[PDB]
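Structure first, commentary second.
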Amino acid sequence: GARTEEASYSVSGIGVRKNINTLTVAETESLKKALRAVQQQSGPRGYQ
Amino acid sequence: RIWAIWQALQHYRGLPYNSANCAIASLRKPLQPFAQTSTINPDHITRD
C-alpha cells in the first residue's frame with residue numbers, strides 16, 4: 001500500500017508537509033525521536 | 001515496440017513500468033562489449 005510506485009526519490013521537505021505514503025523509513029524514526037525530544041521540554045518551547 | 005507498448009500497459013493500469021524487481025544486483029554490471037574506448041565505441045551516448 002504505502003509504496004509511492006516511484007520511490008526512487010526521497011527528497012526532504014524542511015517545512016514542507018507530505019503524505020504518509022510519501023513518508024520514508026529513514027526519516028520515520030528521525031521524526032519520532034525529534035518529537036520525543038520536543039514534547040518533554042518546558043518553558044515557551046514547552047509542549048504542555 | 002512490444003516492449004514499449006508493454007510499459008504503456010503497466011502505466012495505464014498504474015503499475016510502475018521502468019523499474020525491474022528481481023535482477024537488481026545482476027543489472028549492476030554495465031553492458032558489454034559496448035563500454036570500451038572511443039575507438040571501439042564510435043558513439044558517445046551509449047558509451048556514457
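Starting from 1 in every chain, residues are counted up; chains themselves are A, B, ... following the order of the C-alpha cells, and ligands are numbered from 1 as listed.
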Chain A residues near chain B (10 Å cut-off, only C-alpha atoms) as a PyMOL selection string: chain A and resi 4-6+8
Those of chain B in DSSP alpha helix (DSSP H), formatted as a PyMOL selection string: chain B and resi 2-13
How would the residues just picked look written out with C-alpha atoms as a short mmCIF file (atom, residue, chain, number, x, y, z; two decimals), in the first residue's frame?
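File produced: selection_18.cif:
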```
data_model
loop_
_atom_site.label_atom_id
_atom_site.label_comp_id
_atom_site.auth_asym_id
_atom_site.auth_seq_id
_atom_site.Cartn_x
_atom_site.Cartn_y
_atom_site.Cartn_z
CA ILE B 2 6.24 -4.68 -27.97
CA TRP B 3 8.38 -3.62 -25.01
CA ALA B 4 7.20 -0.01 -25.24
CA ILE B 5 3.51 -0.84 -25.53
CA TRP B 6 4.02 -3.20 -22.60
CA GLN B 7 5.36 -0.38 -20.44
CA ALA B 8 2.45 1.71 -21.68
CA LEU B 9 0.13 -1.03 -20.42
CA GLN B 10 1.64 -1.03 -16.94
CA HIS B 11 1.49 2.77 -16.92
CA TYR B 12 -2.17 2.66 -17.96
CA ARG B 13 -3.00 0.21 -15.18
#
```
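With CA of residue 47 in chain A on one side and CA of residue 11 in chain A on the other, the separation reads 27.9 Å.
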Excluding range 24-32 of chain A and any residue of its chain fewer than 6 positions from it, enumerate the residues within 10 Å of it, using only C-alpha atoms, and give them as a short mmCIF file (atom, residue, chain, number, x, y, z; two decimals) with N, CA, C and O atoms, in the first residue's frame.
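out-v5.cif, freshly written:
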```cif
data_model
loop_
_atom_site.label_atom_id
_atom_site.label_comp_id
_atom_site.auth_asym_id
_atom_site.auth_seq_id
_atom_site.Cartn_x
_atom_site.Cartn_y
_atom_site.Cartn_z
N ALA A 2 1.69 1.43 0.99
CA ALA A 2 2.40 2.69 1.20
C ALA A 2 3.39 3.02 0.09
O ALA A 2 3.89 4.15 0.07
N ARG A 3 3.69 2.09 -0.81
CA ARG A 3 4.62 2.37 -1.89
C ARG A 3 4.07 3.47 -2.79
O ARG A 3 2.90 3.46 -3.18
N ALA A 7 9.30 5.45 -5.80
CA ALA A 7 10.07 5.71 -4.58
C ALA A 7 11.54 6.00 -4.84
O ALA A 7 12.29 6.09 -3.85
N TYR A 9 12.91 8.65 -5.49
CA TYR A 9 13.21 9.96 -4.91
C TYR A 9 12.77 10.00 -3.46
O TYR A 9 11.67 9.53 -3.12
N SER A 10 13.63 10.54 -2.60
CA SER A 10 13.41 10.61 -1.16
C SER A 10 13.73 12.00 -0.64
O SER A 10 14.43 12.18 0.36
N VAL A 11 13.22 13.01 -1.34
CA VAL A 11 13.55 14.39 -1.01
C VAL A 11 12.99 14.77 0.36
O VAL A 11 11.99 14.23 0.83
N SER A 12 13.67 15.72 1.01
CA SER A 12 13.35 16.14 2.37
C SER A 12 12.75 17.54 2.35
O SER A 12 13.28 18.45 1.70
N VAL A 38 11.12 16.86 21.68
CA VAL A 38 10.45 18.16 21.73
C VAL A 38 9.34 18.18 22.77
O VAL A 38 9.13 19.20 23.44
#
```
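CA of residue 1 in chain A sits 25.4 Å away from CA of residue 35 in chain A.
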Separation of CA of residue 45 in chain B from CA of residue 29 in chain B, in Å and rounded to one decimal: 17.2 Å
